[PDB]
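Asks:
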Amino acid sequence: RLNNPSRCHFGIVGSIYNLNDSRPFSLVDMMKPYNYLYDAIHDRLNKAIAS
Amino acid sequence: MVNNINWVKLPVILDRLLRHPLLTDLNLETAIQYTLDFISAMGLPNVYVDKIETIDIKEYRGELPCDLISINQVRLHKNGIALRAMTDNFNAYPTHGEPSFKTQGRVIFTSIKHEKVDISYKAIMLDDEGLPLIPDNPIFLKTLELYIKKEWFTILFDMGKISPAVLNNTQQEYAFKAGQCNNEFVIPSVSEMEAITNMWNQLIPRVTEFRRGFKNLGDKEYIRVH
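So the sequences go chain by chain: A and B. Using UniProt numbering, you'd call the opening residue of the first sequence number 404 and step up by one each time. Numbering-wise, the second sequence is residues 1 to 96, 107 to 236 according to UniProt numbering.
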């Protein structure tokens, strides 16, 4: 930077998609409860189909 | 069946009958005949001994073992493939397939000319004497005792030596225990309800268990994860 000699970084650029200094509650994280419940009910479906 | 079939001799049924002073003229000879009528009329396949014998078929005919009572399956010896049943009316008869068998007496009638076959069958368990051996099940023993008490009292009622209320009680009590004895021998154990569970719950239905000796019948059906 033109005016700050201590301001530098590496090539690594990125971001966390979080809310208010927290750990990111991702799109998969908010859909993973309903995917785990879909796997449990379709298990009951498959044993009902079989018998 | 939940309980195991421990074998006892026929005179153990006579300690129980001769506790009744009207059944004191009973014999082993009468206990032998009334047991075999009772064993037959119940038709419990747990009372019989499973045997397997290989016999050779000469020309669509083979000689059956002497102790045979009911065939479980007949199969071929070299293949293991099982034989179903002869529905042909003109079987070994020429004019001018899937193999089969047919049994009438001590002769089996197959569809194959010159072949050895395994026969899995049921016989009666015998003693050191050539006499029947009965389960020690106090449900079996009680209702065999009530069977003989009902056949002896039926004779005595025809003679006029028994009240009609006495025979009606014996006919009722045999009638209850005969269903309790049927359910005692038929209703599966925990280990037979597991094989019944695996046959019943099948996503890809297994419909050819007769070709084997029903070997893979109670096997569990597995599905891969994908």
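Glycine included, each C-beta is placed from N, C-alpha and C at the ideal position.
1. Tell me the rounded alpha-carbon separation between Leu422 (chain A) and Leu405 (chain A).
2. Is DSSP giving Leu22 (chain B) helix, strand or coil here?
3. Going by Cα to Cα distance, which pick from B:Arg116, B:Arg16, B:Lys187 and B:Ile144 is closest to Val47 (chain B)?
4. Taking only beta-carbon positions, decide if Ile452 (chain A) is within less than 9 Å of chain B.
5. What is the rounded straight-line gap between the Cα of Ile118 (chain B) and the Cα of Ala41 (chain B)?
6. What does DSSP give as the partner residue(s) for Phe38 (chain B) in the beta ladder?
7. Quick one: is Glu231 (chain B) near chain A, going by C-beta distance under 9 Å?
8. Given that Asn211 (chain B) touches chain A, what residues does it touch there, using C-beta distances under 8 Å?
9. Nearest to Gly228 (chain B) by alpha carbon, out of B:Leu213, B:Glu202 and B:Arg221?
10. Helix, strand or coil: how does DSSP classify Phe111 (chain B) here?
11. Which whole-angstrom value is the C-beta distance of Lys160 (chain B) and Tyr184 (chain B), which I expect to be below 8 Å?
12. Look at the alpha carbon of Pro408 (chain A) and the alpha carbon of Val416 (chain A), and state the distance between them as a whole number of angstroms.
13. Could you compute how far the alpha carbon of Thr218 (chain B) sits from the alpha carbon of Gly62 (chain B)?
14. Count Cβ pairs between the region 145 to 160 of chain B and the region 10 to 22 of chain B that sit closer than 8 Å; are there 3 or more?
15. Would you identify the three-state DSSP class for residue 251 (chain B), choosing helix, strand or coil?
16. Let's see if you can read the secondary structure: which residues bound the beta strand (DSSP E) around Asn407 (chain A)?
17. Please tell me whether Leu44 (chain B) and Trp162 (chain B) are closer than 9 Å, where the distance is taken between their beta carbons.
Replies: With the structure as the only source:
1. 32 Å
2. coil
3. B:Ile144
4. yes
5. 25 Å
6. Bridge partners of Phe38 (chain B): none, in fact.
7. Closer than 9 Å: yes.
8. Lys450, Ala453 and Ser454
9. B:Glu202
10. strand
11. The pair is a contact, with the Cβ atoms about 5 Å apart (cut-off 8 Å).
12. 20 Å
13. 27 Å
14. Verdict: yes, contact present.
15. Past the boundaries of the shown model lies residue 251 (chain B); chain B is included only from 1 to 236, so the question cannot be answered.
16. No beta strand (DSSP E) contains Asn407 (chain A), which DSSP labels as neither H nor E.
17. no
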